[PDB]
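# Overview (structure and organization)
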Amino acid sequence: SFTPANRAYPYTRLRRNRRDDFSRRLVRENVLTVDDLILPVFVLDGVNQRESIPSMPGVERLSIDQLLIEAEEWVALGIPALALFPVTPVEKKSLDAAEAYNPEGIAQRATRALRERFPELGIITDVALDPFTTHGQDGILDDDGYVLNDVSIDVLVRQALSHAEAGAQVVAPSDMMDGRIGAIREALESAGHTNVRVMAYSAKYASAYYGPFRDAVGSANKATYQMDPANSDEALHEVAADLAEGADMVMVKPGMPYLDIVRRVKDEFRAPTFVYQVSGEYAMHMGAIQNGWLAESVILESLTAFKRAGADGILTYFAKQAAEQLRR
Amino acid sequence: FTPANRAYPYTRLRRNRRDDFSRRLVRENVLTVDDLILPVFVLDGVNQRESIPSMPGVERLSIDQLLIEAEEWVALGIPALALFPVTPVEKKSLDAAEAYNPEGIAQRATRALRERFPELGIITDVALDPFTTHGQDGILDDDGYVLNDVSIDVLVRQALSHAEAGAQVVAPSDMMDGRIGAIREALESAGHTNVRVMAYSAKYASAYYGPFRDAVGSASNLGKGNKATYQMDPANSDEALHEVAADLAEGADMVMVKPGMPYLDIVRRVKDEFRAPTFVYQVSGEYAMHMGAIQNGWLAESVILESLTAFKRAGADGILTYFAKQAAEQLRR
Amino acid sequence: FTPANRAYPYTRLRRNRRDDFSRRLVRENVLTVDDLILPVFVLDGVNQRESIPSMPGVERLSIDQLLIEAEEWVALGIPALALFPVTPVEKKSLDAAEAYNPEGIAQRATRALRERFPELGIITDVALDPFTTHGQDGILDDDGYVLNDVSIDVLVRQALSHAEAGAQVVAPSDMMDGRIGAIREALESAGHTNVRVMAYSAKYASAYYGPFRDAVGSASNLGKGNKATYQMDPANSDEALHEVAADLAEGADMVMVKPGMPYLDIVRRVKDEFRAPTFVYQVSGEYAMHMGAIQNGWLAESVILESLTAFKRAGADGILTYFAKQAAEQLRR
Amino acid sequence: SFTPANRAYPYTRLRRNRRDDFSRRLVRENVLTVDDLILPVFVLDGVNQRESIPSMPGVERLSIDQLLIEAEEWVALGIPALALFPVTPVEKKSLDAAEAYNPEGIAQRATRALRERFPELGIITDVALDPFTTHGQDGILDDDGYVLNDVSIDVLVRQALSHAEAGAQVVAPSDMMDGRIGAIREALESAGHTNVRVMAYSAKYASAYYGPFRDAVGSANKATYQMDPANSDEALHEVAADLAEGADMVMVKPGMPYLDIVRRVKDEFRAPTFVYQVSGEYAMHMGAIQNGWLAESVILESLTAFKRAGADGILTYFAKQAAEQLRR
Amino acid sequence: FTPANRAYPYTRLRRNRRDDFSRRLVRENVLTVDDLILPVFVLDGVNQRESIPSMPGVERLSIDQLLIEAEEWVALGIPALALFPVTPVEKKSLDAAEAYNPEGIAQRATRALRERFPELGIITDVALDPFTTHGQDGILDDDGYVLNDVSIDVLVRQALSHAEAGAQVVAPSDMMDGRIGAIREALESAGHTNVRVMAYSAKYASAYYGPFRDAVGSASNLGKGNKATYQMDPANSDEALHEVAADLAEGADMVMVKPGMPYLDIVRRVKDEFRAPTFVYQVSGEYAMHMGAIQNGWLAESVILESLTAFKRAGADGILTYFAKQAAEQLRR
Amino acid sequence: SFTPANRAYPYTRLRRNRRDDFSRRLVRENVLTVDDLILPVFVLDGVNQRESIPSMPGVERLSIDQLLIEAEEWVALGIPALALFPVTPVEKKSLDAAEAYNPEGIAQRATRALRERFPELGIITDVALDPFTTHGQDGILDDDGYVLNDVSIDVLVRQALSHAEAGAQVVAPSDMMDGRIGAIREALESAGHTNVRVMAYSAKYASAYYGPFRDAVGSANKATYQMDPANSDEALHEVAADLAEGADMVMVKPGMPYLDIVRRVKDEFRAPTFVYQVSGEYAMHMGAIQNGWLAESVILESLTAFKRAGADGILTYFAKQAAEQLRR
Ligand SMILES: [Cl-]
Ligand SMILES: [Cl-]
Ligand SMILES: [Cl-]
Ligand SMILES: [Cl-]
Ligand SMILES: [Cl-]
Ligand SMILES: [Cl-]
Ligand SMILES: [Mg+2]
Ligand SMILES: [Mg+2]
Ligand SMILES: [Mg+2]
Ligand SMILES: [Mg+2]
Ligand SMILES: [Mg+2]
Ligand SMILES: [Mg+2]
Ligand SMILES: [Mg+2]
Ligand SMILES: [Mg+2]
Ligand SMILES: [Mg+2]
Ligand SMILES: [Mg+2]
Ligand SMILES: [Mg+2]
Ligand SMILES: [Mg+2]
Ligand SMILES: [Mg+2]
Ligand SMILES: [Mg+2]
Ligand SMILES: [Mg+2]
Ligand SMILES: [Mg+2]
Ligand SMILES: [Mg+2]
Ligand SMILES: [Mg+2]
Ligand SMILES: [Mg+2]
Ligand SMILES: [Mg+2]
Ligand SMILES: [Mg+2]
Ligand code: NA
Ligand code: NA
Ligand code: NA
Ligand code: NA
Ligand code: NA
Ligand code: NA
């Protein structure tokens, strides 16, 4: 913990280390690097296609060919990994979310293309039913319109397996179903996919910050599976379970509104810990920068906060801008 | 923490989430009006109201207008205001003498509020940059560096002038070393036994302060010194513990982390380690980015209470927030 | 630590190791140029460069040559130098007066560097043995023992002379009790408010110092006193905590563990318990044994960055290392 | 943890205990003894054979008969145990590492000879595939040249069993395969080898310090199984797993470059904890001593550091020299 | 502690116990001669040796005889002696003046030993009851209670007299509050900078002291006051922490728990919480009961090393033991 | 843990509470009561029989009828429980320790008699093979003379079951076999003896203090199962295992020489914790009291130490004397 060691003014003046750039640099506790950045990308069905997102200024949905073009720069900048989010055509959506495990679904096609062209680039696929359900709910519904836990997991498992077969190095189960990490881990192990990583969305909150992402993927009672914003202790039980079930990495979502949770998770478990700077966080910052209300320097400051809080890796729509600034 | 071997399917964390009643039972934290502090920008003159473009919905108010608005703040049960005077350009000087003028805006406003609303807490701002022509946070040496101890001598006089005006709380916001002890020693020696000191303990060198600078007219002074010689490096967490430990030893009744949401890990650490009354400032940048996104239709209004709930969950006792009135109103209902 | 019941085959720790990208994501620590301090050996005279056989690739440099080399150090972004003067035999005395001579090598070098490279940190060495004829680390009593408090009176004058020369940091390296407090009190009383003190807190009685002694010409004095009466016994871990606690109470801005790699457990304990800016010296012996093995072809060059990464993993904020330039160059690329 | 107890100069002067030899001796926190030393030995195939190792000055590879001769002195000095490393003849190397479990392999022959002649001397055998593969990799390779985890374990298990049958009191699995301690433990238990100790190489790093050992055994992507030098938290998960799987002792490797890891491991688990002062550490010290750059006293100082850090036992090529100095 | 889910039959704790070599490897603690302090009873006169019936094998020795025996103690490497003078009845007084007599037994013995055996540590006993006619541990008020502060004034003079005689360590054994600070302040003011103070910090009101009282002739004074007004209640554990914390703050270089084996939990707590040099006294009662049982043939001689190993396992750095010579001899072999 | 709270002389004087009996009584942290005492008793085969034990002054071996007589007083004094140790006739000793589970063995006969006459008195039976083996070793021997772990457990299990059938409320497995608590617990549960307590000898050391007990029971390499006196951390692993295996109470043995272990065990596990003040401890104290070297008050002081260290219950040959003093 912490021992103040009887430090007292004027013997102790904390301004001394702050006096010069060189000593500030020497004592600086944390630094952000390109190794910490994961770029989420919205993937379209077509060819030679890009779309602008109204609530995410500067962010484009990209067909796979456009994705391959942009990825050259992302690789050149040293961005270790992408998180793929397909924009599913409405005709492919169903009550059984079968498109989730379609070997020729966008996510699967995108993964195969990227694994071939950029063998060193990390590909993190999204294991979730809501891009594929007609109702846009995060799983299979019962008569009452409730999301069924275990039946939803059966689909997630087939989906995760389809992603491993496409070559994804990481699968990221994002729908907050209980026990899903264990079921997905059992299935990957039994199928011989020993080295496929599982990045669990462990402490994912029922948040208003997800607004712009719903515009991005075309999907605009979550309180029955996503966490209540008020709860902190509960996040520890979520992470403990996912680690026991075999997650290689655990995530807190949203990010900056939940930095205390990041801190508690890294302190308690000492495991690889990730944080999602969500679409609302990006849009809030971008909106204030374009309005000329905040300096562009808030981008790096916001990312530094994640590192200081204990995060190993950050999912951020700012990943390319950040990488550029870090280099130059 | 002990996980107690909890395992799916015996443990399913969705069961408590199934219904509103059980979510309510297990809910770990709640925000109330008792948690809110409203910062207010105070003009000289009479019948003055000015909109702040970078802070949509926030007005600078002359004192007469402040008193009128305060009726509604008190009616909503908001426990305290933090006063930030908008100092006329002509009253800035090298020596920051306006800081301790009994007829300064902060002193006049404090006297008016204390008389009109005796139960409303008034938190005054103990700082020199509103009163310096160069806009730096203290008195400069011949190298252009802020002199620590000389600045404190001015801060002390100012804090005493606030105590004399009736302020229940003084909040020293310029990051000078040892200033909490010096101000406390002066308050004690002068008989102001119960004047609270709310220390800005862990206050970071931040880009989130942009709109406040627009509100008080300081933005064009930013380049004329280096705030990194006293404000904390955003990278530093352990250092916050040392800041807080010193302010508690020096007599602070409350300790504060500034900025807010970008520093929620620091709020957590500070509350966990010291178990003291812990405050957090949701700064002008944070307000602006939320407001901009809400006005754009990019974010639902519900993000306001989500952002404030976060401060409570992280361990804060009170939150200085430009959303205080909007929040109290929703609460309230 | 809670293991969280992780069990093979559900948990396979090789999955994160499978690819470079995932290794990069989970990597816990990185070394940067911000972490490096270069010690330099400083000669009297002009156009002097001398190779040190027991430290392959290290040169003692006259000040003119130091300034020339410093251009490259600054260009690589190395934040600071630690200066070690090579005192002429004739300037050694019983009273160590050369320590505080404004025209001593350390003072002249500091003044030259501060003028030429204003942003480069200069860490001076506060110690008496470079200036004593007997080569012991302080002033001797009639029993041949180093007098604690009398030595401190000389160290104080020397630290003041460094502050007057412009040094941003003084580093008291002779293990006298209470010396941090005495030097700090003197700096404060004289107005050197911002002069940092980098305490050699947990400095051990070590055989790894051999080559440094060759560098500064002290090897033949080793037998003339007992360093074990002030330097720490290598067996003692708990004792380091007490050393550091005292130096922090006495005002050190940074605390240091010496030797480095053979004492990485101490770095860990010190960082864990105090959460303060923590420094480590990768001493001359450590440099020499790595260099000797690399030159022999017994070890790959990559051991340099491995050794330095270890300091970061153990909890060090900064590393004093004769590899600083070689490391910065690799980094850099 | 730690309470400074308001100790202050001049009331507290830490030099007082340092004043005289007798009080230094009284407060000395740790002492190295011969009980802490394990001697690694490189074992040749022949008779009347010894070889010098260019990068390990003073260290000889020894035929088993020479080993028996030298062991008399090691036993007389009180060295509790040897760690055997066979120097496999190139003709015995294969893709299936079958020589690993050959009842007449060097390790097995050496063990039987030593167990008979010096019944009280601890014998620690090396459970590893790399001395036996043609490719010198630490396991069985797939098409991509990747080391297969579970298939490699199947061989390790047969090897460990062959060592128990030869009489080894300890087997030491050194190849960083996940779950191998558990598999080896299952097999030893099922075969009735209840008392055979398992000394797990738990936190073994992807290190440059292993250079001279590769010269010693004739073997000059490890990053896919050996630990990244940057990682500390990760070492706790490695040790927790090996303890749960049944290790009687856990090891950190390299040694002095990883003393912080030794400290964390002993503090967290309070289990028998070992550390390997590797070939590079030995060569670095020996090179500087022979160059006359460092006093021979660094040997004892380096070993003292392991004790102070929390190690119960130390694998060190300095074991005989250290034992001699400790006695005389 | 984390159990790490270890479970039979995967974990069998008998495997490490199977052979001597593996037992040796995992052995957590060892006793060495460096851990031993021998208490010795010192007579006035010349050519005096007296057997102590309640302490079989222990002799009181005149100084000449002490010096002769000390040759063997030094040859075995025993680091220090604790001296306990057997004060002649005629030299006891109300004012305990004999305590600070430069010609007292303790002072004479210290001077003789320091000259003859310069490397042997001498720990003198700072206490008043050997010098009072009533045998109570300090100066009495008119109610028959030991006056705390007045007793300290005598203890200080005595500690100074020991420092002047050459003692490297003084050990204040009478349980007066604040005595460590007062003695340290006096030693510091007088220039005895390096005289160690070994505090009897947590010393209990014990029945195990019986035979020592026979050794020094105090048994018949026990009823003439109440030791429970300064010695600790055997029931109290938390209280020991407060005793030790105070003695460390007051400047003790070593802290001690008394009795020994009946208080091994206290040794553990004290070492765990303070991480300071920690000593334990295996008192006369403990020696006597072991000796009696060994002489009876009820216990094997091996219990001696078992009892001493316990002190090391519990966290002691050094052990004051009447078995020191017997132990060193076995060790040794 | 502990906060000194800046307490300083003369503001703090710890002698103040020590000034008067009443305040000493108020702050007294621990008190010994008759509820803390368990009396070990040596039980003979005959009728109207008692024997004196040379190395345990004042202690008698008693036939069951004499035991019943003495038990009236023990019950009247409030002693909660006895620990029975039969003195097995040499003719009943064997290589297979079959007498251990004889329904008419001394322990079984004694238990049935006491359970009937004093239904409220706790009876703690000894689950151990050494009173029943010809060789007096603590289990069944292999060819090498080593005590077999799992084969010894098979006998212990039958013995524990015979004690439950005789009515013993507690069985106390005293032989240091690994896993025995679990095996005994499995067997008691399967047989329907749900409420039979298991008092594990968890941290039992290879001690010289057991001498007089061996005289008492007629039995004068234990280092291969009993704990090395030097080891403390190891005791935590012993207790953790016994608790997981189902022990209702855990014990440290010897007692006063191991009070630090008592402290660590109670602090770490917060479980019912017992300590054995062994025969050597009793004889040492009794010998010094009879010699007139120590006051009889050491008896209470020695017992107080166990309470202060964290023990809930104490096995002590002083139980009747202590009970008498506590009452009067
Ligand atoms: Cl200043
Ligand atoms: Cl500021
Ligand atoms: Cl001195
Ligand atoms: Cl030194
Ligand atoms: Cl008094
Ligand atoms: Cl006393
Ligand atoms: Mg979803
Ligand atoms: Mg979950
Ligand atoms: Mg990190
Ligand atoms: Mg300011
Ligand atoms: Mg401050
Ligand atoms: Mg702006
Ligand atoms: Mg709260
Ligand atoms: Mg020096
Ligand atoms: Mg010091
Ligand atoms: Mg040399
Ligand atoms: Mg660090
Ligand atoms: Mg290998
Ligand atoms: Mg492993
Ligand atoms: Mg150890
Ligand atoms: Mg006394
Ligand atoms: Mg005291
Ligand atoms: Mg007596
Ligand atoms: Mg110890
Ligand atoms: Mg037995
Ligand atoms: Mg056991
Ligand atoms: Mg209790
Ligand atoms: Na990272
Ligand atoms: Na509140
Ligand atoms: Na750094
Ligand atoms: Na050892
Ligand atoms: Na010791
Ligand atoms: Na009890």
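Residues numbered from 1 in each chain as written, not as in the entry; some residues may be left out. Chains lettered and ligands numbered in written order. Part of a larger assembly, values for the part shown. Heavy atoms only, no water.

Per the PDB record, this model was obtained through X-ray crystallography at a reported resolution of 1.93 Å.

Looking only at helices and strands, chain B features eleven helices and ten strands. Its C-alpha atoms give chain B a radius of gyration of 21 Å, within 12% of the compact-globule value 20 Å for 333 residues. Overall, chain B is about 70 × 45 × 40 Å in size when its C-alpha atoms are taken along their principal axes. Restricting to contacts in chain B with at least 6 residues of sequence separation, those with at least 24 account for 74%. When the accessible surface of chain B is split by element, carbon and sulfur atoms take 48% of a total near 12300 Å². With 35 positive and 47 negative side-chain charges, chain B shows a separation of 11 Å between the mean positions of the two kinds. (Helix = DSSP H or I, 4+ residues; strand = E, 2+ residues; numbered from the N terminus. Rg over C-alpha atoms; globule rule 2.2 N^0.38 Å. Contact = heavy atoms within 4.5 Å. Areas by Shrake-Rupley, 256 points an atom, 1.4 Å probe, with all protein chains shown as cover. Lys, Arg positive; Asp, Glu negative; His and termini not counted. Charge placed at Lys NZ, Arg CZ, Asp CG, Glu CD.)

Note the cis peptide between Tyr9(A) and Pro10(A), where omega equals 0°. As for its placement among the helices and strands, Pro10(A) is situated in the segment before helix 1 (21-27). Even without being a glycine, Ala4(C) presents a positive backbone phi close to 55°. Tracing the chain through its elements places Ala4(C) in the segment before helix 1 (20-26). Residue classification places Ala4(C) among the buried residues on the basis of a relative accessible area of 6%. Its identity is not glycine, yet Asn47(E) carries a phi of approximately 55°, on the positive side. By secondary structure assignment, the location of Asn47(E) is in the loop between strand 1 (36-43) and strand 2 (49-51). (Buried < 20%, exposed > 50% of the residue type's maximum accessible area, 1.4 Å probe, protein only.)

So, on to the relation of the copies chain D and chain F. With an RMSD of 0.0 Å, the operation that places chain D on chain F is a rotation of 90° combined with a shift of 0.0 Å along the axis. On the angle and the small slide along the axis, the relation comes out as a four-fold axis. (Least-squares fit on C-alpha atoms.)

With that settled, the discussion passes to the interface of chain B and chain A. Note on interface size: it is often stated as the accessible area lost on association of the parts. Residue-level contacts link 77 residues of chain B with 78 residues of chain A. Three residues, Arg14(B), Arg17(B) and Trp298(B), lead the burial of chain B against chain A; their summed loss comes to 14% of the area buried on that side. Inspection of the region where chain B meets chain A yields ten salt bridges. Among the ionic pairs, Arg27(B) bridges to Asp228(A), the shortest N-O distance being 2.7 Å. Where chain B packs against chain A, one counts 51 residue pairs in polar contact. Contributions of two or more residues to the side of chain B that touches chain A are made by helix 1 (20-26), helix 4 (148-165), helix 6 (210-216), helix 7 (238-249), helix 8 (264-274), helix 9 (284-295) and helix 10 (303-314) of chain B. (Buried area = accessible area lost by both parts, 1.4 Å probe. Salt bridge = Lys/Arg side-chain N within 4 Å of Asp/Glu carboxyl O. Polar contact = N/O pair within 3.5 Å; in protein donor to acceptor, adjacent residues only side chain to side chain.)

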